[PDB]
Amino acid sequence: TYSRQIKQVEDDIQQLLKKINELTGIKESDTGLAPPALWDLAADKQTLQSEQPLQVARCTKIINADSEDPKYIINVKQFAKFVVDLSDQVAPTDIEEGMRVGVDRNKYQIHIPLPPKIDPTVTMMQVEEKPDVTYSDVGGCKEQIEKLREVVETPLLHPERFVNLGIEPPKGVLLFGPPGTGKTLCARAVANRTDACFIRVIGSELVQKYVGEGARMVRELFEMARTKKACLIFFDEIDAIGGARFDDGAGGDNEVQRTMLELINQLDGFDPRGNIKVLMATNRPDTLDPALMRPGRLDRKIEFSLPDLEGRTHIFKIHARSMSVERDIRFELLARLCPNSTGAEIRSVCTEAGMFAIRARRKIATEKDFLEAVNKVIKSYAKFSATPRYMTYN
Amino acid sequence: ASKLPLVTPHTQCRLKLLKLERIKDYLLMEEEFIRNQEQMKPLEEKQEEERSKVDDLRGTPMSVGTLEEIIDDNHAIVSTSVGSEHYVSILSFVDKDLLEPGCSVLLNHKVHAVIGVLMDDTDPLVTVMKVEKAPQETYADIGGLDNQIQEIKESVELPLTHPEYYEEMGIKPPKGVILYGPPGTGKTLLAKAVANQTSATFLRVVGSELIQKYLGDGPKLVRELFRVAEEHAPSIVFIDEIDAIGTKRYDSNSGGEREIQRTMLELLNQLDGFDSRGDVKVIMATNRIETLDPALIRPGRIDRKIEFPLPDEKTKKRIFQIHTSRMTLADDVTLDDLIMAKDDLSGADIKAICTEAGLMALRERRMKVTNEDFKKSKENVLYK
Amino acid sequence: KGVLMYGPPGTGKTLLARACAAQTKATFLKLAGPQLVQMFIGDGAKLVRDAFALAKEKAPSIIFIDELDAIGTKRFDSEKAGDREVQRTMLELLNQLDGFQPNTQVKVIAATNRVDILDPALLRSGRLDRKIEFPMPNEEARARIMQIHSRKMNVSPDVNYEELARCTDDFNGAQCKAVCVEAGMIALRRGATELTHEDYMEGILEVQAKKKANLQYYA
Ligand SMILES: Nc1ncnc2c1ncn2[C@@H]1O[C@H](COP(=O)(O)OP(=O)(O)OP(=O)(O)O)[C@@H](O)[C@H]1O
Ligand SMILES: Nc1ncnc2c1ncn2[C@@H]1O[C@H](COP(=O)(O)OP(=O)(O)OP(=O)(O)O)[C@@H](O)[C@H]1O
Ligand SMILES: Nc1ncnc2c1ncn2[C@@H]1O[C@H](COP(=O)(O)OP(=O)(O)O)[C@@H](O)[C@H]1O
Ligand SMILES: [Mg+2]
Ligand SMILES: [Mg+2]
Ligand SMILES: [Mg+2]
């Protein structure tokens with residue numbers, strides 16, 4: 001009855017929204033301005049207060065001091081070098097050598113020290129954020145979860161059981177097995193659970209264009225790592241960052257080996273990382289260099305094999321808990337049909353097995369739908385299978 | 001502007017009447033709380049006066065600077081265009097947010113203080129690798145296959161258009177899609193119809209153009225590539241001819257096969273990283289399926305493996321009917337004689353014979369294509 | 001003038017350097033391997049002459065190099081490719097080390113594990129004089145290392161370091177150090193306070209890191 005009368009009372013008030021929101025001022029789509037109500041702190045006071053009394057105080061870098069006198073030696077980006085002086089606002093204590101300081105443009109004197117450079121590509125690989133993977137989702141390798149977790153978090157969450165016993169806990173661990181076995185997914189539970197800085201590193205990100213460029217990124221990595229109290233450094237696919245040294249005739253693959261040796265030097269010897277724990281994860285460990293494989297760098301040596309039967313059944317219970325199923329199916333029969341299978345393959349059996357229910361017109365899959373998944377995923381993709389030259393890791 | 005998301009109803013409901021009249025409550029009551037401003041304290045206009053007060057703070061010589069760090073108490077170290085960086089302060093019309101390390105900003109001329117931020121003109125590479133429009137016709141152009149069309153709609157189209165079927169099932173779509181067979185079988189031609197069908201942002205890259213001449217520029221191109229792939233929204237990344245990274249060696253690449261290898265390590269990360277990946281589907285195609293790394297072909301990184309066989313003869317005649325649809329076919333010809341000419345002819349062979357036969361008609365300025373055009377057309381196309 | 005240590009990388013090479021660094025009251029100066037590797041040209045070479053200028057200034061001073069093979073790669077004749085800039089700094093390490101205008105004020109302690117990579121120009125007789133290798137411990141030093149690292153732990157007198165060093169062959173100071181810490185962790189796993197023989201015996205199997213595969217079908 002009020003068919004148009006609801007429409008025009010809708011539209012005139014939705015338009016009159018705009019007819020007064022243009023009278024407010026949010027408009028004039030900018031090139032980088034604030035909303036016009038947001039800025040009124042610097043309206044009359046800080047316009048002539050944060051601008052007219054305020055300087056520029058261009059930052060510099062200190063070379064060194066000298067004895068008996070301030071008489072500082074400063075350095076800048078391109079220009080020359082000066083003998084400079086403090087301000088009265090700061091002590092000469094934390095004006096230590098090799099430090100960035102804010103410096104006025106006329107008297108050229110030091111105002112405030114600055115934090116050092118972090119080279120923000122090293123900043124970007126701090127994780128800032130955690131995944132949601134629970135250790136319950138990594139079922140089937142519980143003893144590896146325990147033997148890893150006793151190294152990763154137990155001195156961090158309890159630094160009294162090791163100290164009051166009088167032992168120093170290990171700091172290094174590699175994780176290795178076939179692909180798809182739950183190594184990366186296993187590290188996601190660590191980045192879930194832990195609390196300190198979790199700085200991730202993928203070995204194919206350090207390959208640089210210049211000579212020795214990647215080795216300085218290792219340096220800045222461990223420099224910002226030693227600033228923190230405790231830190232966890234993650235390493236992924238470390239075959240890219242080094243296998244070994246084999247150089248014969250013409251120098252081939254030299255550049256990566258220097259970054260690898262730099263990583264060795266930053267790991268052991270000469271007042272070590274202290275409270276910095278590392279965690280590698282690779283595919284084929286046989287390529288790796290033995291001086292890298294020395295304990296004191298890679299103490300724990302966790303293998304990820306295939307589950308025997310029951311870890312597989314547990315993985316069936318993991319990926320098959322949250323899907324519309326027939327009630328009276330059994331998973332042990334399915335686990336008897338997969339002697340050598342990874343958890344990702346089991347997940348693909350489940351996720352395909354639901355697609356069989358989506359094929360015709362069924363809301364919950366059956367046991368024969370699972371059997372339609374087993375022969376296709378296991379036995380029809382069996383040309384590829386991705387495993388057997390990685391069981392020997394070759 | 002994002003005022004009220006309740007736009008459900010879809011009939012003459014009184015809720016719709018009373019809710020729009022309660023927007024009329026927040027707007028009639030408070031348009032009578034819009035009248036009084038310049039009535040009581042005029043003192044300025046505030047539409048341009050305070051605006052020109054900002055514009056009289058900031059000078060016309062607006063130098064363009066670059067962020068590298070942030071200290072929260074509105075001062076930070078910013079980079080000049082020269083390189084000699086400063087330690088200037090930050091204003092209050094700077095809307096303290098769109099500020100990331102590396103961002104283009106607007107500084108003062110005198111004290112170089114952080115006046116404004118700058119919208120980024122992006123990079124041409126996104127427009128280079130980004131497909132703009134729909135390429136060609138639909139799946140009805142294909143013909144004869146009809147089985148894996150359900151597979152590609154299954155893994156790609158149906159998750160996009162129907163986000164109900166996986167939720168009533170309690171399941172997620174399969175991740176990776178790979179396409180393999182003999183050459184010229186329509187592997188790219190299917191992705192053409194996919195790029196017709198989808199509304200998602202579509203990217204396409206050849207596996208040959210992955211490789212570079214500098215060191216690490218390959219894996220860096222991978223990292224910024226998946227950066228571009230993620231930073232939009234639902235997206236489809238297509239990879240053509242990924243065997244070519246492993247087959248052909250070129251002397252432009254300074255690193256040998258152990259630079260290609262590290263590029264494969266970076267890509268091998270970018271398929272199955274620990275990071276939250278997002279809504280990025282991956283469709284790949286090759287013809288040498290046996291050459292590349294099986295570590296990339298594992299379920300989890302590529303879930304669906306799709307082979308394209310050679311066309312059988314009853315599908316061949318369909319493809320002839322497709323490529324001879326809109327042409328003035330003289331009745332001289334018999335397509336069944338053209339079927340068994342080659343025992344393993346591809347779909348490209350049919351279209352090549354058709355187009356070259358049209359070229360033979362246009363040599364003689366005719367309008368229809370006769371039988372001898374096909375007779376010497378198969379000699380021209382096939383036998384050389 | 002010039003000593004070199006080489007051998008397996010777990011036999012203890014940093015350890016003597018940090019030992020003598022605690023012993024002598026001189027200007028100890030350490031170096032990293034790829035520390036003389038720079039993006040711009042000549043900067044690593046100037047970094048050599050500045051460091052040896054400073055060690056020239058401190059007349060009681062000795063210089064250490066860790067992992068010399070990062071810069072000490074043997075040269076090679078190659079067209080079309082091949083690095084040179086590392087061999088620049090290597091050549092001023094040669095000349096600036098020994099040759100024109102020598103001196104006896106600094107002593108050089110170089111540490112590597114592999115020798116065949118090295119250019120023999122630094123291996124001459126006088127650039128690096130005393131080339132010593134560090135072998136693997138025979139049996140007694142294997143008992144001695146675990147006896148040293150078994151100091152600050154609650155050790156019950158059920159231990160036999162001669163039995164332990166005999167059932168542990170083919171180990172180094174790092175692995176024999178690792179037996180002590182893993183044996184020190186198993187007792188915390190079982191909640192024990194002291195250390196018994198079987199904690200060491202189980203620590204052996206973790207340090208060896210064998211692949212478990214279902215083998216009881218022998219004998
Ligand atoms: N034990 C398991 N239980 C459940 N799921 C598993 C298990 N192992 C592996 N998966 C599945 O494997 C997928 C990927 O695992 P992950 O990336 O850790 O493989 P990986 O062992 O690191 O090998 P790669 O380094 O080649 O990736 C995950 O999505 C996970 O679902
Ligand atoms: N089944 C088919 N039906 C009709 N036309 C086809 C068919 N297969 C291929 N074609 C035609 O042949 C041409 C080449 O096909 P396509 O590019 O898909 O080959 P391809 O297998 O992707 O080759 P590659 O992957 O090696 O580049 C297309 O332009 C298409 O029109
Ligand atoms: N007397 C010893 N014999 C062998 N190894 C020892 C001894 N004392 C300590 N160690 C262990 O061996 C390591 C020696 O370092 P080193 O072998 O020089 O490292 P690399 O040569 O791999 O750089 C130390 O980390 C230390 O824990
Ligand atoms: Mg992984
Ligand atoms: Mg093609
Ligand atoms: Mg050392």
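Here, each number is a calculation from the coordinates, and none is a lab measurement. We place every Cβ from the backbone using ideal geometry, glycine too, and count neighbours over all the protein chains shown.
Below are the figures for this structure:
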| read-out | value |
| --- | --- |
| Test: residue in the stretch A:63-70 that is more than 7 Å from every other protein chain (Cβ to nearest Cβ) and within 37 Å of the chain's Cα centre (by Cα) | yes |
| Residue in the stretch C:129-138 that is within 12 Å of ligand 3 (Cβ to nearest atom), in contact (Cβ under 8 Å) with a residue 12 or more places away in the chain, surrounded by 18 or more Cβ atoms within 10 Å (Cβ to Cβ) and over 17 Å from C:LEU68 (Cα atoms) present | yes |
| The lone exception for A:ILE20 - which of (1) facing another protein chain (nearest Cβ under 7 Å); (2) buried (at least 16 other Cβ atoms within 10 Å of the Cβ) it fails | (2) |
| Single residue of B:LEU107, B:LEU91, B:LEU6, B:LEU99 found to be facing chain A (nearest Cβ under 9 Å) and within 40 Å of the chain's Cα centre (by Cα) | B:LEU91 |
| Filter result for B:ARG14 (within 11 Å of another protein chain (Cβ to nearest Cβ) and either surrounded by fewer than 11 Cβ atoms within 10 Å (Cβ to Cβ) or under 30 Å from B:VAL78 (Cα atoms) (or both)) | no |
| Filter result for A:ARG312 (surrounded by fewer than 21 Cβ atoms within 10 Å (Cβ to Cβ) and away from chain C (no Cβ under 14 Å)) | no |
| Residue in the stretch B:222-231 that is away from ligand 2 (no atom under 16 Å from the Cβ) and over 28 Å from A:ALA191 (Cα atoms) present | no |
| Qualifying residue in the stretch A:193-215 (condition: in contact with a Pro (Cβ under 8 Å, 6 or more places away or on another chain) and within 16 Å of ligand 1 (Cβ to nearest atom)) | yes |
| Residues satisfying the stated conditions in the stretch B:330-359, i.e. within 17 Å of B:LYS376 (Cα to Cα), assigned to a loop (DSSP other than H, G, I, E, B) and of a type in the set (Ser, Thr, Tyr) | B:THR334 |
| Number of the condition not met by C:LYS56 [criteria: (1) surrounded by 19 or more Cβ atoms within 10 Å (Cβ to Cβ); (2) part of a helix (DSSP H, G or I)] | (1) |
| Criterion: crowded, with 19+ Cβ neighbours inside 10 Å, more than 16 Å from ligand 5 (Cβ to nearest atom) and assigned to a helix (DSSP H, G or I) - qualifying residue of A:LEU261, A:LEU298, A:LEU279, A:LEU232 | A:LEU261 |
| Segments classed as strands (runs of 3 or more DSSP E), wholly inside the stretch B:234-310, with at least 2 members that are within 13 Å of chain A (Cβ to nearest Cβ) and touching a residue at least 40 places away in the same chain (Cβ under 8 Å) | B:304-307 |
| Residue within the stretch A:359-368 that is of a type in the set (A, V, I, L, M), touching a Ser or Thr at 6+ places or on another chain (Cβ under 8 Å), in contact (Cβ under 8 Å) with a residue 12 or more places away in the chain and crowded, with 20+ Cβ neighbours inside 10 Å present | yes |
| Selection status of A:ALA320, under 34 Å from the mean Cα position of the chain (by Cα) and within 16 Å of B:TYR166 (Cα to Cα) | yes |
| Candidates B:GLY176, B:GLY170, B:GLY181 - the one that is small (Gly, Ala, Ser) and within 16 Å of ligand 4 (Cβ to nearest atom) | B:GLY176 |
| The stretch B:250-270: number of residues that are in contact with a strand residue (DSSP E or B) (Cβ under 7 Å, 6 or more places away or on another chain) and surrounded by fewer than 22 Cβ atoms within 10 Å (Cβ to Cβ) | 0 |
| Filter result for B:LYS187 (within 11 Å of chain A (Cβ to nearest Cβ), among the basic types (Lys, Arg) and in contact with a strand residue (DSSP E or B) (Cβ under 8 Å, 6 or more places away or on another chain)) | no |
| Complete set of residues in the stretch A:192-219 that are under 20 Å from A:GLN257 (Cα atoms) and more than 14 Å from chain C (Cβ to nearest Cβ) | A:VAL201, A:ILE202, A:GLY203, A:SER204, A:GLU205, A:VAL207 |
| Unique residue being away from chain A (no Cβ under 14 Å) and touching a strand residue (DSSP E or B) at 6+ places or on another chain (Cβ under 6 Å) when the list is B:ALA352, B:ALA341, B:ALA357 | B:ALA357 |
| Within the stretch A:267-309, tally of residues that are more than 12 Å from every other protein chain (Cβ to nearest Cβ) and out of contact with any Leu (no Cβ under 9 Å at 6 or more places or on another chain) | 4 |
| Hits in the stretch A:114-130 - residues which are within 12 Å of A:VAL201 (Cβ to Cβ) and assigned to a loop (DSSP other than H, G, I, E, B) | A:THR121, A:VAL122, A:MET124, A:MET125, A:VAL127 |
| Single unsatisfied condition, B:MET327 versus (1) within 14 Å of another protein chain (Cβ to nearest Cβ); (2) closer than 28 Å to B:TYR139 by Cα; (3) part of a loop (DSSP other than H, G, I, E, B) | (1) |
| Scan of the stretch C:62-105 for residues that are more than 14 Å from A:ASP247 (Cα to Cα), buried (at least 21 other Cβ atoms within 10 Å of the Cβ) and facing chain A (nearest Cβ under 7 Å), ordered by number | C:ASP66, C:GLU67 |
| Subset of the stretch A:41-62 [more than 9 Å from chain B (Cβ to nearest Cβ) and either among the small types (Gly, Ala, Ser) or not in a loop (DSSP other than H, G, I, E, B) (or both)] | A:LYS61, A:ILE62 |
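A quick yes/no check of all residues on (1) within 18 Å of A:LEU16 (Cβ to Cβ); (2) within 8 Å of chain A (Cβ to nearest Cβ); (3) touching a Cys at 6+ places or on another chain (Cβ under 6 Å):
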position: B:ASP25; (1), (2), (3): yes, no, no
position: B:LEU28; (1), (2), (3): yes, no, no
position: B:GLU50; (1), (2), (3): no, yes, no
position: B:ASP56; (1), (2), (3): no, no, no
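Okay, residues lined up against (1) facing another protein chain (nearest Cβ under 8 Å); (2) farther than 19 Å from A:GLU153 by Cα; (3) touching a residue at least 40 places away in the same chain (Cβ under 8 Å); (4) of a type outside the set (A, V, I, L, M, F, W, C):
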position	(1), (2), (3), (4)
A:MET224	no, yes, yes, no
A:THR227	no, yes, no, yes
A:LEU232	no, no, yes, no
A:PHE235	no, no, yes, no
A:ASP239	yes, yes, yes, yes
A:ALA244	no, yes, yes, no
A:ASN254	yes, yes, no, yes
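Yes/no matrix, rows are residues, columns are (1) touching a residue at least 24 places away in the same chain (Cβ under 8 Å); (2) in a loop (DSSP other than H, G, I, E, B):
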site: A:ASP132; (1), (2): yes, yes
site: A:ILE145; (1), (2): yes, no
site: A:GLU150; (1), (2): no, no
site: A:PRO159; (1), (2): no, yes
site: A:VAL163; (1), (2): no, yes
site: A:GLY166; (1), (2): no, yes
site: A:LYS171; (1), (2): yes, yes
site: A:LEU174; (1), (2): yes, no
